[PDB]
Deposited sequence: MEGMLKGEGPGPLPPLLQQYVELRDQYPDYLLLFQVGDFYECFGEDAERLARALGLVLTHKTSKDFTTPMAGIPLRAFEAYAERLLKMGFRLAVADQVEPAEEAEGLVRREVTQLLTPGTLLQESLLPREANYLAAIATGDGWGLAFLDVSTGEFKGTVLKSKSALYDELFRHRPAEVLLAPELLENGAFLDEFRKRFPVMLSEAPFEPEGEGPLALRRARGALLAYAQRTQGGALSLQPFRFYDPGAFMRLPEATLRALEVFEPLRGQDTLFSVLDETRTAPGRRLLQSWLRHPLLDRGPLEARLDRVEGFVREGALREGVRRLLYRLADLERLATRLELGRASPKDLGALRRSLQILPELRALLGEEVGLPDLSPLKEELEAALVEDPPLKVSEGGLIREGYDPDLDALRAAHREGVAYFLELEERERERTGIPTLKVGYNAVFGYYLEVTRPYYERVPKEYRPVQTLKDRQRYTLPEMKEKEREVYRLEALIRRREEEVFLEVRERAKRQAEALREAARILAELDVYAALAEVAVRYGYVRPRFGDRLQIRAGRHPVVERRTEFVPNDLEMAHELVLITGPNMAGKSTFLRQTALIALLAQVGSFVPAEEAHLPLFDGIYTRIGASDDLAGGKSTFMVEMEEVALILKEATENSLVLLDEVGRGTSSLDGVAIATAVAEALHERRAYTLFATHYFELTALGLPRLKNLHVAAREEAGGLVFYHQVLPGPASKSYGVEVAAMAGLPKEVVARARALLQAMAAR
């Protein structure tokens, strides 16, 4: 069994290393950072792991019995070191010195304070502005999926019917850490797939149900709670749990978000989010992200969001003001969580103090209708307790302003006089002794002292007690000092105790405002997004979309591509029609299909869109077969299957070259069958193809569009007008030619084309 450390030597394990091992083996998969004084240390293999991982120095902690390897980091840089460690894949186990030193039974009590897992981080220097989720998956009457953002308290979940939907929902939440139920972990088949499709860190957790509802959900939830309650090291700050339904929002499958680069890019470029997000606050960025993750289906609310956006678009003044003020707004939502969790530092409070000071100016600028809570009381007391620039930890310098604590002002009082004492003494001695240069100094090793140089050694009085000798200076002590020096130390010792209580007292004051803090967060967060979205409209020429059943876009732009190029706008009019798009490659097709999707996605999120006029329907889902079973033809078909099993007459469907990857024959066939399928389905379908045949089909709701090329001076020039009607001819041979194919070889190809043409 386990209970032994690494290295060389016989005899027993020292009292300390003993305590080290005892905790170290309770968290087997965590790197234990042992708190020994002003350092976090690791011994044995764990010590070696550290040293190399962080390039630290490898030393040893020797004792009678044996000597073991040692590696440590100064607490000062804990988080600094933590971050690096985490990014490498380690879960940290922070073992701190609970009870103070001065009142310990020899060996200071040490227990693991908190656990640092990638998806349960609370340290604000370790978290992104974006939401950081922990996700749990379980089975038992369908698939159970739940999320928890330990830093904000967001706690939600749902149950999905397929393994497809689970992954979709999971992928739109971009979970930073996943808990897999027993069943799934065992099943080597599943796990492989999951681990392959979601390269996120996995972790063990008990899936004993919790609360009420579908068995699956109760297990996933219990898992989250169990795991997080362990890493926080105490009760969690949870928000009402949401058992939501993803059928109430627009469907954004994984293949759509990826292909559409909503959140992640394909060519290390920009993404829809990147381009759109100009929020100033973090909760704001979070909200906006939430909105994209699940676009609305309901006309009313969207037309609510669009009004407020339009508001700031008009009120340029106001818009720039609210944004000017939000620049200074801190993450109240998270700050409120840290407070409730009793983790709020003076730094946090200082920040809270600044944020709350902004409130009134926002109130004025927008009017008392904003509904912002009145925290003026809390705001003020903070300004009256904290220093203009709050320190990091309490025990150190001044945190509480002078004149706020009677008990503490008397302390700084006594200390000022006490220090002045030693100053007075210097001059008293410089006279009695006649030694002009005599200094009165201090230092940790010997305390307050009287200093005299060599030229005056024979001039020092009997009374002076030698304390320290130096190259050419000697330091003495008088009895008086000895006393007054301890009066200073006792004051200082009392000053910390109190300055820290006053802090804790004031903190708790802010902690009773957590809820108020939280609602201000929400209001300010929407405020942030609304102004942001408007900021984006103005800067980039977006316009308010109008919803209806007919989609009529006028001078369209792909919101991301136009960001890095003179983009040629284009039109579109669809209505449950089948719209084939033909024309030479490099012409514009796909930069057209994608454009359509994004426009739709922005509108149904409450944002203005990149066009001149846009009349859009409320799509129940955007499905794509763009870009991306051993073969390529099978993979693409697997997708068409999916798309075909969920698209409704209210889905926007985008097909790019479906039918490629096989024989010409099976090509057209499958394409035709599929095109006919989406046609009956009655969904809005854009199909970019190379089979001109599909354009001639005998379908009632079939429309045709095309892009073109003009063979001019230097070969072919591709314009991007998406003109009406089908493409006339193919430019393959022309392109090949342009690509350098030997002129005789091209000529031969032209002859063959014209021969086959003659039937």
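- Missing C-alpha coordinates mark just one deposited-sequence interval: 629-634.
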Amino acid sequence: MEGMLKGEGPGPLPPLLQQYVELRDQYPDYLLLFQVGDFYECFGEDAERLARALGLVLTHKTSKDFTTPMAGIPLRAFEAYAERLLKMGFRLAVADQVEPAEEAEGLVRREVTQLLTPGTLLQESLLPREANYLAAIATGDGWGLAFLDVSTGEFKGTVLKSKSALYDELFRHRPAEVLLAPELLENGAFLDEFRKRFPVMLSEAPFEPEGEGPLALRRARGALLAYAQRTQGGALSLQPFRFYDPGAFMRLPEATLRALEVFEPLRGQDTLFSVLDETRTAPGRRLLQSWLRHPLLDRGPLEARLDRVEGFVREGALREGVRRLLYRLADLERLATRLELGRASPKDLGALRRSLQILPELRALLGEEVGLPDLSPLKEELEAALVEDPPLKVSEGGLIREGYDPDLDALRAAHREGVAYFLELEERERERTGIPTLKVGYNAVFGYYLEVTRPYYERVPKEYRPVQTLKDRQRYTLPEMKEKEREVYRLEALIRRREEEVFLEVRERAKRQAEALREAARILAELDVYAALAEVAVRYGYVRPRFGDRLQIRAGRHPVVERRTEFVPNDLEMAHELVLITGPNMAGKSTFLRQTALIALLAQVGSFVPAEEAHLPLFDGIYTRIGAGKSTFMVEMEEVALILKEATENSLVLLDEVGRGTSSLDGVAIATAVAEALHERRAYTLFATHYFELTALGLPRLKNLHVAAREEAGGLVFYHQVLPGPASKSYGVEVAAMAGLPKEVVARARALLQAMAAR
From here on, numbers count along this sequence of modelled residues.
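- Looking at the other PDB entries for this protein, residue 443 is absent from the model in a third or more of those that include the residues around it.
- For residue 417, the record comparison shows coordinates absent in at least a third of the other entries of this protein that model its neighbours.
- Per-stretch averaging of Cα B factors for 683-691 and 359-367 places 359-367 on top.
- Mean C-alpha B-factor is higher over 83-91 than over the other stretch, the pair under comparison being 601-609 and 83-91.
- Among 452, 384, 375, 326, the highest C-alpha B-factor in the deposited entry belongs to 384.
- Highest C-alpha temperature factor among 61, 729, 703, 706 per the entry: 61.
- When the CA B factors of the chain's modelled residues are split into thirds, the value for residue 42 lands in the middle one.
- Sort the modelled residues of the chain by CA B factor and residue 152 lands in the lowest third.
- Among the modelled residues of its chain, residue 748 has a C-alpha B-factor that falls in the lowest third, as given in the PDB entry.
- The deposited CA B-factor of residue 542 belongs to the lowest third of values across its chain.
- Per the PDB record, residue ranking by Cα B-factor puts residue 416 in the highest third of the chain.
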